[PDB]
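Note sheet for the following structure.
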Amino acid sequence: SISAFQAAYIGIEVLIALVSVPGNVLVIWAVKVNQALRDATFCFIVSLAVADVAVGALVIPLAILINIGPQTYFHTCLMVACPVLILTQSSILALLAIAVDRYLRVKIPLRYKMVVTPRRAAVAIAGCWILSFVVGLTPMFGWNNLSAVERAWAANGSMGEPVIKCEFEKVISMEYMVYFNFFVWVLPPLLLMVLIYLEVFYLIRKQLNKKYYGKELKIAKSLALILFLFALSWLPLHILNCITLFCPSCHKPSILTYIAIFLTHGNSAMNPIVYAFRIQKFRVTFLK
Amino acid sequence: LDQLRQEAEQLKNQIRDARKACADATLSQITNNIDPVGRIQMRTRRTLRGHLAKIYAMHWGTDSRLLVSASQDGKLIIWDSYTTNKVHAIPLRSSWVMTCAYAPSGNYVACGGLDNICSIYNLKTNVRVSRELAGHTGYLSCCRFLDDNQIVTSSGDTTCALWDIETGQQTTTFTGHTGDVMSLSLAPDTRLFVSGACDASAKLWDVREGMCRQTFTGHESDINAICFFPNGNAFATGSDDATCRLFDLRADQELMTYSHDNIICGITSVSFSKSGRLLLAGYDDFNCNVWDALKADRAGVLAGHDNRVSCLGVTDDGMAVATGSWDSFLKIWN
Amino acid sequence: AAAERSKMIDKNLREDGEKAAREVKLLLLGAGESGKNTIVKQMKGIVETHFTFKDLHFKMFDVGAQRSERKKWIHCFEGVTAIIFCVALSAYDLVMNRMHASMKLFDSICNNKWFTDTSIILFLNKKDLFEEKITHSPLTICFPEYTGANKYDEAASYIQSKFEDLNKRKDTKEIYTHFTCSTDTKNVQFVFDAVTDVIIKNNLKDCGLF
Amino acid sequence: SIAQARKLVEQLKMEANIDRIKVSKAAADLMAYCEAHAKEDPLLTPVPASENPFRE
Ligand SMILES: Nc1scc(-c2cc(C(F)(F)F)cc(C(F)(F)F)c2)c1C(=O)c1ccc(Cl)cc1
Ligand SMILES: Nc1ncnc2c1ncn2[C@@H]1O[C@H](CO)[C@@H](O)[C@H]1O
């Protein structure tokens, strides 16, 4: 039995899915039909597109399945909820990898392609995906609400495995989502991207001061738009998780949580239009 | 200077009347009755990967298995096309190559370009330069082996030359073109060759007498490519005016034009299949078009490259065509 | 085996092909008596000059020897990092004019099909010989429409403005104009600085920032 | 310019005296070659997989 705002949330989520799966598969298709896009930067961008097409196709239906909340065994609900964390963390670490790649293109520009080879780009992509799998499988490594819900299952008087209404706050402990997901693997990626793009803009503006103000303002608008999309997507949901853990006698509506959830998932809709669509090689591949 | 040009003009008018005189029909109406070849859908059977810059030339060996390729990465690669194995990778002293050739014996390759040098490489010694044929004053645009001992060359200096490789001398020179010579093609019996130039003319040369027997005009712009019909009695040209034309030696005139209104790009390379029925041509529009050489309708398209087709060739046994491209790959089709 | 020979040869291809991909290739184009020769003395058919400056390998190809039409071999240099163009300032009166032929040459290479995205390094030469020859004759012999005081500074900046504004691709390529100096260090240094600016802007265009 | 022009005249002089055949005969000879070799042309009349060396 869905609510009134619950139906609007599922509608915005499937709208986000129908924007995020064709746009990201266009980026992957344009990489495959072109040979000049075999560089290191385009490996990072197709890694972001793989992570975001997995978000648009496998995190949207799992999030709607969690939000509807069917009566479900506990470990079945963990195996539903953990691919959400796996693939969304893959999105964040891919964004940090593109920022480090853009930082190396401006910092060491002459010896860039003898430092960042597609072999080293491939092990960096594998490192980001292995780290995202480690983070998302932590709530199946024994950090989960299972102890609290089994004590309530024993206090209820039922015997055996606890079967619950499968929601995200019921199987994933908020100590994981605040102390380990946000404060380690979401907020230091956001702070590193802010520091890197400040230094990228300083090095760009130092080279362009060696007709130029318009290009410098366009670069600053492009960098600030990228940082604003990451912050608007990932900070509202995690501020609400920090509110839930730190003030428990502290009320917030459920429509506010639904709004924050699809912001997190709609990061992956706006990724092919601010990362790959800004490249001129991608645009002349799109129209052909 | 006055009398000579008027006298020459009479000669031009007389040849035109003579050429028309024996034009009792056109190839198209003679060949209207035969069955059309129909659509040909050649698939890529191999993609030869390993060049790291534009490919400008290739040539099949006479064993129909080995082929040599020349690229602006400074490498001459010999491929075993059956296995995709690289047999040799020859490091070039100058990377600005425009042509390569495989000797019919399999013992030698040749290569050259903007260095104005035709370098001969002995494959049966690693492979080392055995001769650098010097003497052209413009870029080397084409070269073809009569045998291991002798190699005919074409050059941007408007001349062609026959070289004795052992002694290193131009033994016969071929002058008379008034523009850059871009391509040449050896007759099957190797006694004649034809050349194509940027004066929009083709010229038939007799190797041992050393002069031009016949000259074929008709194209509206540069001839980038030329290839003999397999019986040695005709040849085809490819031009920047987006047309191919078939020229007959004994009738001393054009027989057929191969073009489509929706084809506006230049032609870089042409070759006939073994029976002569198919004329395959490489185009600036990234595609290869396969023409029915007898009826001039397009029979098929080979669309597998991301940049200009710069070279192609059909095996001596007719089993395959290779295409080479500026996008750094070679593909084998049949 | 044959696949062992194929893999050893393929290893040498990737090794030597990236070793020759960290080297800046600079096409050198100029007119006759335009000062191409002086530049190659400073920094050290087709002649290729190789020099290493500040751990950067530069390959400079002087293709002026070829007398053949450019349209048949200019596509071999489509991948050059930049084009070094040498202009003789003193040759604005010499011989249909030499500077007008050099401007027509410049406006052909700049607005080529292959050079749309490749920046052009512009070198103006003989500025010392230009200083005496600007008093014996005005620039009205070269440019009739010129209306300026007969001093080196304004006239040089006017000839530089004439050479620059022939760039129809104002968005995609940049012309870097340097008057050649007697100091050997300075001329090579400008080339390194111009190439670095080209490499940085090429890196920025692959991000999507530029 | 005169010396080059005289050289051109001799070439055409040679070319003017040659024997030419009629296009009707010329075109027939080319068609006869194509028909006689049609079965030995693997690109015209494709061969079975096993016979084809590249993809058996
Ligand atoms: N993560 C971020 S950062 C900016 C937006 C955004 C918001 C809106 C909104 F209507 F909610 F205000 C609209 C759009 C736009 F793309 F439609 F313009 C983007 C989002 C999304 O979550 C998002 C929401 C819906 C869609 Cl389909 C695509 C993305
Ligand atoms: N409080 C929450 N309620 C529901 N889902 C949440 C919550 N916090 C995080 N998530 C999930 O975590 C993902 C990001 O790690 C989101 O896409 C969302 O599905």
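Labels for the structure tokens follow display order: chains A, B, ..., residues from 1 in each chain, ligands from 1.
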Shell of 12 Å around residue 40 (chain B), only C-alpha atoms, local chain residues under 5 positions omitted, as a VMD selection string: (chain B and resid 278 280 289 to 292 298 to 302 333 to 334) or (chain D and resid 42 to 46)
Spatial neighbours of residue 56 (chain D), max dist 12 Å, only C-alpha atoms, sep filter under 6 positions, as an MDAnalysis selection string: (chainID B and resid 45 82) or (chainID D and resid 47:50)
Please dump the current selection as a PDB file, in the first residue's frame; keep N, CA and C atoms.
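Saved as again_32.pdb:
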ATOM      1  N   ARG B  45      37.164 -10.121 -42.740  1.00  0.00           N
ATOM      2  CA  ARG B  45      37.628 -11.388 -42.194  1.00  0.00           C
ATOM      3  C   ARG B  45      38.819 -11.247 -41.262  1.00  0.00           C
ATOM      4  N   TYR B  82      46.940 -14.595 -43.133  1.00  0.00           N
ATOM      5  CA  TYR B  82      46.124 -15.742 -42.739  1.00  0.00           C
ATOM      6  C   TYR B  82      46.027 -15.867 -41.224  1.00  0.00           C
TER       7      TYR B  82
ATOM      8  N   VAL D  47      33.257 -18.677 -52.748  1.00  0.00           N
ATOM      9  CA  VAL D  47      33.609 -20.083 -52.596  1.00  0.00           C
ATOM     10  C   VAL D  47      33.091 -20.600 -51.257  1.00  0.00           C
ATOM     11  N   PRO D  48      32.933 -21.920 -51.076  1.00  0.00           N
ATOM     12  CA  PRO D  48      32.529 -22.440 -49.764  1.00  0.00           C
ATOM     13  C   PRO D  48      33.575 -22.164 -48.693  1.00  0.00           C
ATOM     14  N   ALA D  49      33.083 -22.120 -47.444  1.00  0.00           N
ATOM     15  CA  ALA D  49      33.869 -21.801 -46.246  1.00  0.00           C
ATOM     16  C   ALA D  49      35.188 -22.568 -46.169  1.00  0.00           C
ATOM     17  N   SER D  50      35.129 -23.892 -46.359  1.00  0.00           N
ATOM     18  CA  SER D  50      36.307 -24.755 -46.240  1.00  0.00           C
ATOM     19  C   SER D  50      37.386 -24.384 -47.253  1.00  0.00           C
TER      20      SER D  50
END
Residues near region 168-181 of chain A, cut-off 8 Å, only C-alpha atoms, skip fewer than 6 positions along chain, as an NGL selection string: :A and (66-67 or 74 or 77-78 or 81 or 135 or 139 or 143-146 or 238 or 241-242 or 244-245)
CA of residue 148 (chain A) to CA of residue 248 (chain A), distance in Å rounded to a single decimal: 16.0 Å
Pairwise distance for CA of residue 191 (chain B) and CA of residue 206 (chain B), rounded to one decimal in Å: 6.3 Å
Residue with smallest distance to chain B - pool C:183, C:147, C:108, C:12, counting only C-alpha atoms: C:12
Distance filter 6 Å around ligand 2, atoms: only C-alpha atoms and all ligand atoms, out as a list in words: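 Checking only C-alpha atoms and all ligand atoms against ligand 2 at 6 Å gives residues 63, 84, 85, 88, 168, 169, 237, 241, 261, 264 and 265 of chain A.
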May I ask you to write as a PDB file with N, CA, C and O atoms, in the first residue's frame all residues lying at most 8 Å from ligand 1, with only C-alpha atoms and all ligand atoms counted?
ATOM      1  N   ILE A  12       9.067  10.027 -10.275  1.00  0.00           N
ATOM      2  CA  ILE A  12      10.293  10.775 -10.533  1.00  0.00           C
ATOM      3  C   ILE A  12      11.486   9.829 -10.671  1.00  0.00           C
ATOM      4  O   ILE A  12      12.401  10.083 -11.466  1.00  0.00           O
ATOM      5  N   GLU A  13      11.467   8.695  -9.965  1.00  0.00           N
ATOM      6  CA  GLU A  13      12.558   7.730 -10.078  1.00  0.00           C
ATOM      7  C   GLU A  13      12.568   7.030 -11.431  1.00  0.00           C
ATOM      8  O   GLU A  13      13.637   6.838 -12.020  1.00  0.00           O
ATOM      9  N   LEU A  15      11.297   8.297 -14.128  1.00  0.00           N
ATOM     10  CA  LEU A  15      11.688   9.359 -15.048  1.00  0.00           C
ATOM     11  C   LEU A  15      13.202   9.533 -15.068  1.00  0.00           C
ATOM     12  O   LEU A  15      13.793   9.747 -16.132  1.00  0.00           O
ATOM     13  N   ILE A  16      13.839   9.448 -13.897  1.00  0.00           N
ATOM     14  CA  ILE A  16      15.295   9.515 -13.801  1.00  0.00           C
ATOM     15  C   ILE A  16      15.932   8.304 -14.473  1.00  0.00           C
ATOM     16  O   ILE A  16      16.961   8.426 -15.149  1.00  0.00           O
ATOM     17  N   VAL A  19      15.853   8.686 -18.265  1.00  0.00           N
ATOM     18  CA  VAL A  19      16.866   9.618 -18.745  1.00  0.00           C
ATOM     19  C   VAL A  19      18.282   9.053 -18.581  1.00  0.00           C
ATOM     20  O   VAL A  19      19.142   9.272 -19.441  1.00  0.00           O
ATOM     21  N   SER A  20      18.523   8.241 -17.552  1.00  0.00           N
ATOM     22  CA  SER A  20      19.884   7.834 -17.221  1.00  0.00           C
ATOM     23  C   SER A  20      20.362   6.601 -17.967  1.00  0.00           C
ATOM     24  O   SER A  20      21.568   6.473 -18.202  1.00  0.00           O
ATOM     25  N   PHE A 228      28.559  21.814  -8.142  1.00  0.00           N
ATOM     26  CA  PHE A 228      27.220  22.046  -7.614  1.00  0.00           C
ATOM     27  C   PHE A 228      26.309  20.846  -7.832  1.00  0.00           C
ATOM     28  O   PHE A 228      25.460  20.558  -6.986  1.00  0.00           O
ATOM     29  N   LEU A 229      26.454  20.142  -8.960  1.00  0.00           N
ATOM     30  CA  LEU A 229      25.636  18.952  -9.188  1.00  0.00           C
ATOM     31  C   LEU A 229      25.993  17.828  -8.226  1.00  0.00           C
ATOM     32  O   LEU A 229      25.111  17.078  -7.801  1.00  0.00           O
ATOM     33  N   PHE A 230      27.279  17.662  -7.912  1.00  0.00           N
ATOM     34  CA  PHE A 230      27.672  16.646  -6.940  1.00  0.00           C
ATOM     35  C   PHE A 230      27.182  16.997  -5.541  1.00  0.00           C
ATOM     36  O   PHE A 230      26.735  16.118  -4.798  1.00  0.00           O
ATOM     37  N   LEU A 232      24.606  19.106  -4.671  1.00  0.00           N
ATOM     38  CA  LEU A 232      23.145  19.048  -4.613  1.00  0.00           C
ATOM     39  C   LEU A 232      22.622  17.615  -4.654  1.00  0.00           C
ATOM     40  O   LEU A 232      21.551  17.334  -4.108  1.00  0.00           O
ATOM     41  N   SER A 233      23.351  16.697  -5.286  1.00  0.00           N
ATOM     42  CA  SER A 233      22.921  15.304  -5.294  1.00  0.00           C
ATOM     43  C   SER A 233      23.223  14.585  -3.985  1.00  0.00           C
ATOM     44  O   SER A 233      22.350  13.915  -3.425  1.00  0.00           O
ATOM     45  N   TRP A 234      24.444  14.711  -3.477  1.00  0.00           N
ATOM     46  CA  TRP A 234      24.902  13.799  -2.441  1.00  0.00           C
ATOM     47  C   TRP A 234      24.862  14.367  -1.034  1.00  0.00           C
ATOM     48  O   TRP A 234      24.891  13.588  -0.077  1.00  0.00           O
ATOM     49  N   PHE A 262      15.954  10.756  -4.665  1.00  0.00           N
ATOM     50  CA  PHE A 262      16.070  10.828  -6.119  1.00  0.00           C
ATOM     51  C   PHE A 262      17.066  11.881  -6.589  1.00  0.00           C
ATOM     52  O   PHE A 262      17.482  11.835  -7.750  1.00  0.00           O
ATOM     53  N   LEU A 263      17.432  12.836  -5.731  1.00  0.00           N
ATOM     54  CA  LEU A 263      18.549  13.720  -6.041  1.00  0.00           C
ATOM     55  C   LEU A 263      19.840  12.928  -6.156  1.00  0.00           C
ATOM     56  O   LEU A 263      20.657  13.184  -7.047  1.00  0.00           O
ATOM     57  N   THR A 264      20.051  11.992  -5.229  1.00  0.00           N
ATOM     58  CA  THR A 264      21.204  11.098  -5.265  1.00  0.00           C
ATOM     59  C   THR A 264      21.231  10.265  -6.546  1.00  0.00           C
ATOM     60  O   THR A 264      22.281  10.121  -7.184  1.00  0.00           O
ATOM     61  N   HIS A 265      20.073   9.762  -6.969  1.00  0.00           N
ATOM     62  CA  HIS A 265      20.005   8.932  -8.165  1.00  0.00           C
ATOM     63  C   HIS A 265      19.999   9.754  -9.444  1.00  0.00           C
ATOM     64  O   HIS A 265      20.394   9.249 -10.498  1.00  0.00           O
ATOM     65  N   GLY A 266      19.553  11.001  -9.381  1.00  0.00           N
ATOM     66  CA  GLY A 266      19.554  11.830 -10.561  1.00  0.00           C
ATOM     67  C   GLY A 266      20.847  12.551 -10.828  1.00  0.00           C
ATOM     68  O   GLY A 266      20.915  13.342 -11.773  1.00  0.00           O
ATOM     69  N   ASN A 267      21.865  12.344  -9.989  1.00  0.00           N
ATOM     70  CA  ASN A 267      23.237  12.663 -10.371  1.00  0.00           C
ATOM     71  C   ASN A 267      23.630  11.948 -11.655  1.00  0.00           C
ATOM     72  O   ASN A 267      24.305  12.525 -12.513  1.00  0.00           O
ATOM     73  N   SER A 268      23.223  10.686 -11.798  1.00  0.00           N
ATOM     74  CA  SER A 268      23.611   9.870 -12.938  1.00  0.00           C
ATOM     75  C   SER A 268      22.861  10.232 -14.209  1.00  0.00           C
ATOM     76  O   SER A 268      23.251   9.774 -15.287  1.00  0.00           O
ATOM     77  N   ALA A 269      21.792  11.018 -14.114  1.00  0.00           N
ATOM     78  CA  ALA A 269      21.138  11.516 -15.315  1.00  0.00           C
ATOM     79  C   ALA A 269      21.886  12.711 -15.888  1.00  0.00           C
ATOM     80  O   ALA A 269      21.994  12.855 -17.109  1.00  0.00           O
ATOM     81  N   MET A 270      22.420  13.565 -15.020  1.00  0.00           N
ATOM     82  CA  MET A 270      23.124  14.771 -15.423  1.00  0.00           C
ATOM     83  C   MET A 270      24.618  14.556 -15.603  1.00  0.00           C
ATOM     84  O   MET A 270      25.347  15.531 -15.787  1.00  0.00           O
TER      85      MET A 270
END
CA of residue 198 (chain A) to CA of residue 49 (chain A), distance in Å rounded to a single decimal: 24.6 Å
Residues of chain D that approach chain B to 6 Å or less, counting only C-alpha atoms: could you list each one with the shortest pair of atoms and its distance in Å to one decimal, rows by chain and increasing residue number, as JSON lines?
{"residue": "D:2", "atom": "CA", "partner": "B:1", "partner_atom": "CA", "distance": 5.4}
{"residue": "D:20", "atom": "CA", "partner": "B:251", "partner_atom": "CA", "distance": 5.3}
{"residue": "D:21", "atom": "CA", "partner": "B:251", "partner_atom": "CA", "distance": 5.1}
{"residue": "D:22", "atom": "CA", "partner": "B:22", "partner_atom": "CA", "distance": 4.3}
{"residue": "D:23", "atom": "CA", "partner": "B:23", "partner_atom": "CA", "distance": 5.1}
{"residue": "D:24", "atom": "CA", "partner": "B:25", "partner_atom": "CA", "distance": 5.7}
{"residue": "D:27", "atom": "CA", "partner": "B:27", "partner_atom": "CA", "distance": 5.8}
{"residue": "D:34", "atom": "CA", "partner": "B:275", "partner_atom": "CA", "distance": 5.1}
{"residue": "D:37", "atom": "CA", "partner": "B:275", "partner_atom": "CA", "distance": 5.1}
{"residue": "D:41", "atom": "CA", "partner": "B:275", "partner_atom": "CA", "distance": 5.6}
{"residue": "D:42", "atom": "CA", "partner": "B:319", "partner_atom": "CA", "distance": 5.2}
{"residue": "D:54", "atom": "CA", "partner": "B:82", "partner_atom": "CA", "distance": 5.6}
Contact set, chain B to chain C: 7 Å, only C-alpha atoms, as an MDAnalysis selection string: chainID B and resid 50 52 85:87 89 114:116 138 156:157
